[PDB]
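Structure first, then comments.
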Amino acid sequence: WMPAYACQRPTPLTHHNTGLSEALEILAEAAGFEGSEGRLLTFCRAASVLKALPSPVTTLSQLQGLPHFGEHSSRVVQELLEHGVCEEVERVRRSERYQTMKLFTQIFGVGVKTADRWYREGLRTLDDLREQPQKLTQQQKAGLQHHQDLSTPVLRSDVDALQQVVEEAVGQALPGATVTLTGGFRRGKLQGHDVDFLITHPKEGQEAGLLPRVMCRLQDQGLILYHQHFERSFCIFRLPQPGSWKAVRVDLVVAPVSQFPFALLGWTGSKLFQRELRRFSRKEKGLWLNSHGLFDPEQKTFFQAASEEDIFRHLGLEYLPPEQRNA
DNA sequence: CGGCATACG
DNA sequence: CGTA
DNA sequence: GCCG
Ligand SMILES: O=C([O-])C(=O)[O-]
Ligand SMILES: [Cl-]
Ligand SMILES: [Mn+2]
Ligand SMILES: [Mn+2]
Ligand SMILES: [Mn+2]
Ligand SMILES: [Mn+2]
Ligand SMILES: [Mn+2]
Ligand SMILES: [Mn+2]
Ligand SMILES: [Mn+2]
Ligand code: NA
């Protein structure tokens, strides 16, 4: 009925089990904060299964046979069905550890391992970090300086304005180069916390060296509040606002046209969808997938793809448009 | 039991 | 280590 | 935590 991999089923952005999936994703996030990547994956996959269902789960019976639902995740759902609340989920939500790790890892430049060390050192608030600035990287300094703006949702109106600015710099850097919106906005999201663009050129090889030229041109237009210094740039952009501006996270990626379908697939997401697609590729088809290509390790050859549709066909999967990849 | 995606900065 |  |  329900296939076991997220890449085998459509998952829309909005669905019929929002509250249940949100609770399982709390437990997934908490597992990640404790270094338990296996438990994180199971809770993420269980949440995703619910997102793919055609109607609301009303009774425990309806979980029988669903993949990734065992004793633990089924108990979470049963408590939510019976009481409207899962005691374990609420305990996590309320915990100082969860709240502080969430706060710290949401900083650009701070991962789980840094947040955990800071937690163990007794630090709890952003102002605690600002009081010891010499212990921060340039990237963390930027993430902390801009943290408030970076916590404010990006709207689709913002995205269209940013895309025009990036296109202008890309056109000067290399006439004929193209700019494609990726990430969650390509999956149909109306808001996000960052904007992603994928840049290529129709003539293989002409894109070499492009990203430095693009960044220099954005920087001299005064639009770059932060960048590293390549084929991936993780920036903070200055975005105009009524009578002011706000900081926005923007990722710029370059790929040659031979790699573009793979890069588009990977950068469009969702994260879980791509992990599941790569898992499926390797475990079920014996092929190795990343955002550069698809490798047959037995013949030692790369698959040529001209489209995302090609890639799904290579893997024997029915095609899913981006708006159904919201695993 | 082992596995859990796979890259770049 | 961080980032996607 | 769950799957094969
Ligand atoms: O930023 C994200 O979450 C994405 O683009 O999928
Ligand atoms: Cl684990
Ligand atoms: Mn348990
Ligand atoms: Mn009860
Ligand atoms: Mn994104
Ligand atoms: Mn991004
Ligand atoms: Mn590359
Ligand atoms: Mn084991
Ligand atoms: Mn375990
Ligand atoms: Na972070």
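Every chain is numbered from 1 and lettered A, B, ... according to where its sequence line falls, protein lines coming before strand lines.
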- Message: Measuring only the P atom in each nucleotide, how far is B:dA7 from D:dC2? A whole number of Å is fine.
- Response: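 One P to the other, the span is 29 Å.
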- Message: Rounding to an integer number of angstrom, what distance separates B:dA5 and C:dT3 when you compare their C1' atoms?
- Response: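 Result for the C1' pair: 15 Å, nearest Å.
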With the side chain of [X] defined as its heavy atoms from C-beta on, choose the nearest nucleotide among [options].
{"X": "A:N290", "options": "D:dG4, B:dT6, C:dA4", "value": "B:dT6"}
{"X": "A:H68", "options": "B:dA7, D:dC3, C:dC1", "value": "D:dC3"}
{"X": "A:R232", "options": "C:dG2, B:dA7, B:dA5", "value": "B:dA7"}
{"X": "A:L41", "options": "C:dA4, D:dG4, B:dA5", "value": "B:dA5"}
{"X": "A:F43", "options": "C:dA4, C:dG2, D:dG1", "value": "D:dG1"}
{"X": "A:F234", "options": "C:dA4, B:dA5, D:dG1", "value": "C:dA4"}
{"X": "A:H72", "options": "B:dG9, B:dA5, D:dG1", "value": "D:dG1"}
{"X": "A:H292", "options": "B:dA5, C:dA4, B:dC8", "value": "B:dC8"}
{"X": "A:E231", "options": "B:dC8, C:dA4, B:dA5", "value": "B:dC8"}

- Query: Think A:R97 forms a cation-pi with A:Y119, using NZ or CZ under 6.0 Å from the six-ring centre and within 45 degrees of its axis?
  - Reply: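 Yes, a cation-pi geometry holds between A:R97 and A:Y119.
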Side-chain N or O of [X] closer than 4.0 Å to phosphate OP1/OP2 of [N]:
{"X": "A:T114", "N": "C:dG2", "answer": "yes"}
{"X": "A:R39", "N": "B:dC4", "answer": "no"}
{"X": "A:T137", "N": "C:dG2", "answer": "no"}
{"X": "A:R282", "N": "B:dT6", "answer": "yes"}

Value in whole Å for how far the [atom2] atom of [N] lies from [atom1] of [X]:
{"X": "A:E276", "N": "B:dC4", "atom1": "CD", "atom2": "P", "result": "12 Å"}
{"X": "A:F108", "N": "C:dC1", "atom1": "CZ", "atom2": "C1'", "result": "13 Å"}
{"X": "A:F295", "N": "B:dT6", "atom1": "CZ", "atom2": "P", "result": "13 Å"}
{"X": "A:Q274", "N": "B:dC4", "atom1": "CD", "atom2": "P", "result": "17 Å"}
{"X": "A:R279", "N": "B:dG3", "atom1": "CZ", "atom2": "P", "result": "14 Å"}
{"X": "A:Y5", "N": "B:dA5", "atom1": "OH", "atom2": "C1'", "result": "12 Å"}
{"X": "A:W267", "N": "C:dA4", "atom1": "CH2", "atom2": "P", "result": "8 Å"}
{"X": "A:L265", "N": "B:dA5", "atom1": "CG", "atom2": "P", "result": "15 Å"}

- Measure centre to centre between the rings of A:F108 and A:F234, then say whether the value is under 6.0 Å.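 Between A:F108 and A:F234, the centre distance exceeds or equals 6.0 Å.
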- Message: Determine whether the aromatic ring centres of residues A:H292 and A:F302 are separated by less than 6.0 angstrom.
- Response: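 No, the ring centres sit 6.0 Å or more apart.
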- Taking the side chain as C-beta and beyond, is there a heavy-atom pair between A:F237 and A:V166 under 4.5 Å?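 The answer is yes; the side chains approach within 4.5 Å.
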- Check: A:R313 and A:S307 side chains under 4.5 Å, non-hydrogen atoms: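 Touching, per the 4.5 Å side-chain cut-off.
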- Message: With a 3.5 Å cut-off and heavy atoms only, can you find an N or O donor on one side and an acceptor on the other between the side chain of A:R278 and the base of B:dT6?
- Response: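 Result: at least one qualifying N/O pair found.
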- Query: Under 4.0 Å between a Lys/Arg side-chain N and an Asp/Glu carboxylate O for A:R91 and A:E88?
  - Reply: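 Between A:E88 and A:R91 there is no salt bridge, as every charged N stays at least 4.0 Å from the carboxylate O atoms.
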- Looking across every strand, which nucleic acid part, if any, lies under 4.0 Å from A:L40 by heavy atom: base, sugar-phosphate, or nothing?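 No contact.
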